[PDB]
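Breakdown of the fold
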Amino acid sequence: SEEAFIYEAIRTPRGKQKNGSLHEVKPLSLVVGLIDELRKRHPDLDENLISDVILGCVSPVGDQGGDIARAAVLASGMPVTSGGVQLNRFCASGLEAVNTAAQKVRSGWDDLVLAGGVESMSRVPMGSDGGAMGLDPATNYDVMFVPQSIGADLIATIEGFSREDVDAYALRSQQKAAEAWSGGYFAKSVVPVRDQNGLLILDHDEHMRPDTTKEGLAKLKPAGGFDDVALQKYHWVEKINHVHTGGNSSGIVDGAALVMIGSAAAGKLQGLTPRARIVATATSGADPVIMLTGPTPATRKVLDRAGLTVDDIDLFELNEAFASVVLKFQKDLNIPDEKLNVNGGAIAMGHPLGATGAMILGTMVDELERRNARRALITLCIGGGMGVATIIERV
Amino acid sequence: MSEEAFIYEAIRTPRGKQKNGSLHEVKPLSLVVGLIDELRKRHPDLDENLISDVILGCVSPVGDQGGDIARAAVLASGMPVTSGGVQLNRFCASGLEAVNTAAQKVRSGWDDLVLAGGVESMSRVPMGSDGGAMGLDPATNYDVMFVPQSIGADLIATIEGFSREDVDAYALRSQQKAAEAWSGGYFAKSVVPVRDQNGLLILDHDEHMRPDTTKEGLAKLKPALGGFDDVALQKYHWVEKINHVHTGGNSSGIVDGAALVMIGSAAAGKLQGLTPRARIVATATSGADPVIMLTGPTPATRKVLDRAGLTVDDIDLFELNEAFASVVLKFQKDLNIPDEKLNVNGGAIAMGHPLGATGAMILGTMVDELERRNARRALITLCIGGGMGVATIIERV
Amino acid sequence: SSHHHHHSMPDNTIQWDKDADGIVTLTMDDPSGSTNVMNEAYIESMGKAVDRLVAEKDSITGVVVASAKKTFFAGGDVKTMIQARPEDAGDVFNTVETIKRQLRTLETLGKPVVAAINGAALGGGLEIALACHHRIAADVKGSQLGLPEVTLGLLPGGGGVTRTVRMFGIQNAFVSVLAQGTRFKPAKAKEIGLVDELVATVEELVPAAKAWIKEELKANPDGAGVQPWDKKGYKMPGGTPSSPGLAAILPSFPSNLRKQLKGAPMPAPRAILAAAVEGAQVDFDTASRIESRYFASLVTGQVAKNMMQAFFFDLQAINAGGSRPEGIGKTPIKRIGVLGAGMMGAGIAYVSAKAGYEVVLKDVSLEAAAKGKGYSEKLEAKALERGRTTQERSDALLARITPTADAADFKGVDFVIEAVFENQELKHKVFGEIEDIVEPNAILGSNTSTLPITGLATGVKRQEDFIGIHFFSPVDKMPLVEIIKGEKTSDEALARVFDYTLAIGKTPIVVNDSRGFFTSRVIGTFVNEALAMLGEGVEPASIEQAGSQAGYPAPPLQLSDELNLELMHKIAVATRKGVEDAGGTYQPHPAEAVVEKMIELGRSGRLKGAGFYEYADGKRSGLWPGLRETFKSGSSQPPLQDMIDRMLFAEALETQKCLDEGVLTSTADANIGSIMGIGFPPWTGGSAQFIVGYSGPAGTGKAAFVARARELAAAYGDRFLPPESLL
Ligand SMILES: O=[N+]([O-])c1ccc(S(=O)(=O)O)cc1
Ligand SMILES: O=[N+]([O-])c1ccc(S(=O)(=O)O)cc1
Ligand SMILES: O=[N+]([O-])c1ccc(S(=O)(=O)O)cc1
Ligand SMILES: O=[N+]([O-])c1ccc(S(=O)(=O)O)cc1
């Protein structure tokens, strides 16, 4: 019945892993800073109408444990009735938080919900939470656990993506991200991070290497038995062509993102302009050893659910976890090259796990308005073999 | 509004105790897989491809419970790889919030059939193993005026005037009503005994129960550094001294356990030949002061009754988690809850409080007790840290 | 990256000397003063020396940091720090980042660095020593070592927080060294780990340092010049916040500190704890940068400016003859005579003998005078077990206190301190029975709380030597001595009591004669606002909570029982009589109704057994349960900040009136007198600084103090209206 609208969608710059600018900043501070910005843009907002704050976080330990969403509510001074829940669906935690918030708005039992994610990977490296596929050799041995890096290499091997093919996409992302920054595309949505004294800490995605050359990408070296474990399941392929490096894979960075989602009644009641409408969401997946595959059935499902086809979508935004994943996605659904990740992706700017799904969501919200276009589709691959997708419409 | 969400199955494990517990040797992932295998045993011909998500509440997603334990449950149980799997943490009501989110996913119309529940093996992953965004941030801890859940309950009893005998009376009452429930066979079909890889029995009962509890036994117990009293009274400056009335026998127990609820639309049940056992009427979320930490259920229960268009008189059974006896007494006094409708089959003081799973355990308890009594409506709610609350109303089909 | 500020010019403070072995000796000798201090000159001087240690590192085997002054290195430039505005946060951050960048290079030079600590090394001085790899201290009288920037509202921003947590762990570094700015003697400094070796004299420092560099290079060549935290297998003592042993108790550290400060608005211990814990989660360099941000947060704040104004500038002027008469010479004191042996007179005899003076303790009977000296025995027996004094020292102390009841045993007394009951007739009688037995050139002091000194001085022959010497109970703790100047009091006597105050280790203020003086009068407006709130129906627990969270050492109702409500009623009876018969009209304070109501119920205070609290077996029990029913408590629930402000503003306004009436002659005496005498909260910097340094949701400064006062006047009464002197 009720329709879910996006009223605000911001994010922090992504600070790199090595000697990063955001390494001294608690991941809680990153979320509070985005809350302080939403207040600045709507100072007369009745925060008591905010019924929940849903944050995605893949490594919820240490600085990110203890339901970091609730800590963002208390530390920022939001009303104690504003909820606060942390969830984890690996790489889609950010987009799942947005979708879940939209679903809670449609059911009618929630009026105005904040959604996003946070992941300070330089302070909490992925895997710090442990996991039931490492401390339990009985299940690890049975599910044939193989990391995401090897599945991406296996995808390139099966689909015939050469080392030159994936590095070409890495260069393409570095260029489109540098063009978007210099073009001022991110000026309104990227909220610079400051300290307790107002001093500047970071104002740009520093993982970017905008002077990248294809000659330099080919200089890079590629990334325990996992090779043999993968081929035991995919027995028709003899050898895995390892093509992915740190230059054509996603960047390990710190960052956070927030999205304000609510009903049209709650939007009118608070004087908020709806910037986009969430048309549909969907989840699905594929094999758990190649892992990444999963967006393709999840994208077909959200398209079928909204009664749309590929030709009805103006912009496609898929997280650049690995280059071969995006090239396989583009090959299958036959995505035009000028419609895919038009403002760059995680290869250049970074993949802060818990927040990435909410960053690329807000990136498409801006680019639709900047181009005066209609629809956009956002999706991400997931470890374990999952995948979520979302279609938005400009208003 | 849109689609209506129905409960089709609601099971749980027995709650094994903390000290020399029977479930201490059982990995929490296995507790969830065991409940998944029971759902298969009850519905062998179900097409698991229709299950679009598995949502598990877990307050300490660390170690044996880290790495999206819901996703491991999907893969370890051999469920379809398209069935997703997501862990969430809203502290104490993680179990009920998972069920609520599952229902809200069905109401949105973009999900058909969803598994929901929780897991918490507190004998293996103790509370606080996840660290804390505030625990390691003294600048935030200082400002937010943080007081643990126990000291808030001692304060609630101090304010509202609940003596040590008052809270020990409710503790004895819960121990009795739980033992009466187990003897009457009220739980026999929903408590699924935990077994090993060889089929041998590990646990078949809530072994934290102390059924021979006496008024004199609870009086001999002692109340459980820090300075949180000086912090709590700095906010509630009108209170001189805090009366520490809560002990290990009038508070919820540290136990291991898990719970699973199957939630879907009416088309999903008819397509798979499933009989609806209850319907989700409404959910809500609110709370009060963060220092008192426990007066969250009160505005959450009003908001869920106001949403469903009902009053206290329309609710046949009230189910409030027994985190602390003073919280239940305050909730009872404030809403004037009849003592014959409140936690009629005992609560966490007797059987245990497996944080991430408690919400889904006490939900499945009321699904069964409504059918046994042939009653109509039930309201389930839980208090949460920071002053959070999650309430849900169900109606028997 | 640079070791310099900029990236005509300052002077130079460091001498360079490279011996034939390759050992550089950096001698700090700031020519602009007798003490090496952290200023522009040092920062630029150490910048050059560190640059030279890098350029010539091929021909350098070790470094020795020494000082040419009496002290090693003491603090920073408070004249510059007290001016840092919020818009100066960038410059403050860049400065401490530059200061620590020099030490970090000196620390990671690949060669051993030894500190030759001759004299005091406090604050920035100890931070330089902690950057070295080895510390030698000369065990000499006066030498101290510590990081006392918390006592000025600052934190050790030159690596002091980051390094002490690296050496001792989070808990021990915070409790022992940081949170209270504890100063250590060289013996205790070596015991806790701040210093490694001790030598007899200062001449042995530099030679013993080079001998250590020689042995270290020969015996430990791999780890020479490498701190423990710069090794591969470093394990922080007590663990890091990620280790489970510490994560169990770490969430309790902020609440325990909140209990220590009683909820007061003092930001420095909060920032020190955050910088320590946040620093222990990251590498040393990232930890050092976080330390800089919390430092810039405090220096640009208002509380630090209040503390720097009070405990630095104001205290220096007082201790430097600020209120003492100028053209007056010394007059040493031989033997002291104390009239009365209560908790006051017996405490005056203790501090007078703890300083070395011979004391004669007179009372009515020898039975009571021996119980007066028994007050000094218990304070000595406790000092023996705890270990502060020796056995031969404690015996020579009590032997100077000769208790007596004979008025003739005052023969040979050149300093008289009377401490009997507050009765003008009794003091006339007591001083009349003593003025002819003592010396002709003696000082006749009267420990008076409210009675004017001019009136008391009529009952003696030489009125020039009569003066008010107001002590504060317990005398062994309270450091202020209010000195009152009667009309016939001579400037010559002001100095002799001034010097006596410094001789016993106490701080003096000069006050002109008027009823209430300054301490008693201002602290009266403090207890009156709380008693009025109690009569107005405010919860008694909220009142005490407001007094503690305001920053006072004792809540007001608790203090009222210590002051005894019988004395409070008498003061009103006299003040009412001195206006009625004087041809006027008395407007009684609303607190007087509560005073008499407690007297009528037989609850006059602690001296009479029961007051606002109950007192079972000496120590104090809880609040009297009948207090709520007596005053209908609960019917008034004002904001807690209104309760807090009403107490702070009543004293702040009354302090301005004393400055208007000429009672106090300087703002410095008004601040230290309020802080040390009556316990005005230190974060304010004094009841006079509270006005000019006010900060609230309304604004900042004297203009905001007036606005907040008028806000209280609209809702509480006229007494919160500012005088013309502030408008
Ligand atoms: O003591 N100080 O903190 C201090 C800071 C900056 C400067 S300077 O920038 O004026 O050279 C001098 C002294
Ligand atoms: O480090 N400091 O304490 C410091 C104080 C004041 C200034 S300023 O006023 O010259 O900008 C600069 C640095
Ligand atoms: O000698 N002193 O009383 C003293 C007080 C404070 C400081 S510091 O805060 O600048 O380190 C240094 C010396
Ligand atoms: O403690 N008191 O309540 C008190 C009241 C008034 C005065 S005064 O009249 O000397 O200013 C002194 C002390």
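Method of structure determination, per the deposited record: X-ray crystallography was used for this entry, reaching 2.78 Å resolution.

With that out of the way, let us pick up the interface of chain B and chain A. Contact with chain B, which involves 59 residues of that partner, is made by 59 residues of chain A. Buried surface at the junction of chain B and chain A, both sides included, amounts to about 4,900 Å², of which 57% is carbon and sulfur. When the area that chain B buries against chain A is broken down by residue, the three leading residues are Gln104(B), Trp110(B) and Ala133(B), summing to 16%. Two residues, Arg89(A) and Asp53(B), come together in a salt bridge whose shortest N-O distance is 2.3 Å. At the level of secondary structure, the elements contributing two or more residues to the side of chain B that touches chain A comprise β3 (51-57), α2 (69-76), β4 (86-89), α3 (94-107), α4 (138-144), β9 (278-286) and α10 (297-308) of chain B. The element best represented in the side of chain B that touches chain A is β9(B), accounting for six residues.

Our next topic: the side chain of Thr283(A). If you trace the backbone, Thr283(A) turns up in strand β9 (residues 276-285). A relative accessible area of 8% means that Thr283(A) is categorised as buried. A polar contact is formed between the side chain of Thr283(A) and the backbone oxygen of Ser52(B), at a distance of 3.4 Å. Contact partners of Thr283(A), with chain neighbours within four places excluded, come to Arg89(A), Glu96(A), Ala298(A), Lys301(A), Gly387(A), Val388(A) and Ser52(B).

The next thing to look at is the site of ligand 2. All names here are of chain C. Taken together, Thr80, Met81, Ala84, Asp88, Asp91, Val92, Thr95 and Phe295 make up the full set of residues near ligand 2. Summarising the interface, the protein chains cover 76% of the accessible area of ligand 2, which totals 340 Å² for the free molecule. Taken together, the elements giving at least two residues each to the shell around ligand 2 come down to α2 (78-81) and α3 (89-107). The leading source of residues in the shell around ligand 2 is α3, at three residues. A per-class count over the shell around ligand 2 returns four nonpolar, two polar and two charged.

Residue and element names in this part refer to chain C. Across the sheet, six strands lie side by side as β1-β2-β3-β5-β7-β10; this open sheet has mixed pairing. Taken across any chain shown, the strands that pair with only one partner, and hence form the sheet edges, are β1 (14-15) and β10 (197-199). Looking at chain direction, strand β2 (residues 23-28) and strand β3 (residues 62-67) are connected through six bridges and run parallel. Bridging across to β3, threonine 25 finds its partner in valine 64.

Residues and elements named next belong to chain C. Read from one edge to the other, the open sheet built from eight strands follows the order β13-β12-β11-β14-β15-β16-β17-β18, with strand pairing classed as mixed. Sheet topology places β13 (401-404) and β18 (507-512) at the edges, where each strand pairs with a single neighbour. In this sheet, adjacent strand axes meet at a mean angle of 25 degrees when their direction is disregarded. Pairing of strand β11 (residues 335-339) with strand β12 (residues 358-362), which is carried by five bridges, proceeds in the parallel orientation. Each residue of the ladder has a partner; that of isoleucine 336, found in β12, is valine 359. Across the sheet, helix α26 (residues 667-677) touches β17 (480-485) and β18, and the angle it forms with β18 is around 115 degrees.

Let us now look at the domain arrangement of chain A. All names here are of chain A. For chain A, the assigned domains are domain 1 (1-124 + 185-278) and domain 2 (132-184 + 279-392). Each of domain 1 and domain 2 has a C-alpha centre, and these two points are 16 Å apart. The interface is formed by 73 residues belonging to domain 1 together with 73 residues belonging to domain 2. Taken together, the two surfaces of domain 1 and domain 2 that pack against each other cover about 6,200 Å², and 66% of this comes from carbon and sulfur. Sorting the residues of domain 1 by area buried against domain 2 places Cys91, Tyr185 and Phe186 first, and these three jointly supply 14% of that buried surface. In this structure, the connection of domain 1 to domain 2 is made through two salt bridges. Among the salt bridges present, the one from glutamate 369 reaches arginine 275, with a minimum N-O distance of 2.8 Å. The interface formed by domain 1 and domain 2 contains 31 residue pairs in polar contact. Put simply, the parts of the chain that give the side of domain 1 that touches domain 2 at least two residues each are β1 (5-11), α3 (93-106), β5 (112-120), α8 (226-233), β8 (253-262) and β9.

Residues and elements named next belong to chain C. Around ligand 3 sit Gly75, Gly76, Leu122, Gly123, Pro148, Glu149, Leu152 and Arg183, and those are all the residues in its vicinity. Between ligand 3 and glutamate 149, the relevant distance is 3.1 Å, taken from an oxygen atom to a side-chain nitrogen or oxygen of the residue. Here ligand 3, which alone exposes 340 Å², has 74% of that area covered by the protein. Of the residues contributing to the shell around ligand 3, the split by class is three nonpolar, three polar and two charged.

What follows concerns the packing of helix α8 (residues 228-235) of chain B against helix α9 (residues 253-260) of chain C. The contact between α8(B) and α9(C) brings their axes to 8 Å, and the two run at 65 degrees. For the pair α8(B) and α9(C), the crossing hand works out as left-handed. Along the contact surface, α8(B) presents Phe228(B), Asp230(B), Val231(B) and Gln234(B), while α9(C) presents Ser255(C), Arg258(C) and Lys259(C).

The rules behind these values
- Residues numbered from 1 in each chain as written, not as in the entry; some residues may be left out.
- Chains lettered and ligands numbered in written order.
- Part of a larger assembly, values for the part shown.
- Heavy atoms only, no water.
- Residues with missing side-chain atoms left out of burial classes, pairs and counts.
- Contact = heavy atoms within 4.5 Å.
- Buried area = accessible area lost by both parts, 1.4 Å probe.
- Salt bridge = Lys/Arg side-chain N within 4 Å of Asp/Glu carboxyl O.
- Helix = DSSP H or I, 4+ residues; strand = E, 2+ residues; numbered from the N terminus.
- Buried < 20%, exposed > 50% of the residue type's maximum accessible area, 1.4 Å probe, protein only.
- Polar contact = N/O pair within 3.5 Å; in protein donor to acceptor, adjacent residues only side chain to side chain.
- Near = heavy atom within 4 Å.
- Areas by Shrake-Rupley, 256 points an atom, 1.4 Å probe, with all protein chains shown as cover.
- Nonpolar A, V, L, I, M, F, W, Y, C, P; charged D, E, K, R; others polar.
- Pairing = 2+ DSSP bridges.
- Axes fitted to C-alpha atoms, helices over the stretch in contact; angles between N-to-C directions.
- Domains from an automatic or database assignment.
- Left-handed = near helix turned anticlockwise from the far one by under 90°.

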